[PDB]
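Notes follow once the structure below has been shown.
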Amino acid sequence: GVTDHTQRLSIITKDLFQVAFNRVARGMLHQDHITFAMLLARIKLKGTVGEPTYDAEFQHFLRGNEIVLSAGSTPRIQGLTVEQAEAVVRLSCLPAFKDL
């Protein structure tokens, strides 16, 4: 029914990710559906127009444990558990969360 080339291309692009997930996740364990959907979302975010790369934010999301904090360097925050405060100080290395 749709004839315009741009609309058809957009429909194809959406259905590519949708059908890829439908075909693959039917063959994965339910715990691994979210991983593949996350990867597909990251692929679409890479391919989309008008959105930043978010390479630093995703890089942190993956390996923020690599951010080293010295023993005692992490301050104690009221109402926050020690591991929570550790994660907070690790997240504060990003410029967006400097005043976290």
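Going by the deposited numbering, the letters in the sequence shown line up with residues 3848 to 3947, in that order. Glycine is no exception: its CB is placed at the ideal position from the N, C-alpha and C atoms.
How far does the alpha helix (DSSP H) with residue i in it reach, from first residue to last?
{"i": "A3932", "result": "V3929 to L3938"}
Under the three-state reduction of DSSP, which class applies to residue i: helix, strand or coil?
{"i": "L3856", "result": "helix"}
{"i": "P3942", "result": "helix"}
{"i": "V3915", "result": "coil"}
By Cβ distance below 8 Å, which residues in the same chain neighbour residue i in space, the five residues on each side in sequence not counted?
{"i": "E3933", "result": "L3916 and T3921"}
Exercise. At which residue ranges does the region 3873-3907 contain complete alpha helix (DSSP H) runs of 4 or more residues, listed in the order of the chain?
Worked result: Within the region 3873-3907, the complete alpha helix (DSSP H) runs of at least 4 residues are 3880-3894.
Problem set entry | Touch test, the region 3895-3904 against the region 3866-3873, Cβ-Cβ under 8 Å, three pairs minimum | Contact fails: fewer than three Cβ-Cβ distances are below 8 Å.
For this session: Could you say if the region 3899-3908 and the region 3936-3946 meet the contact criterion of at least three C-beta pairs nearer than 8 Å?
Result: Cβ pair count under 8 Å is three or more, so yes.
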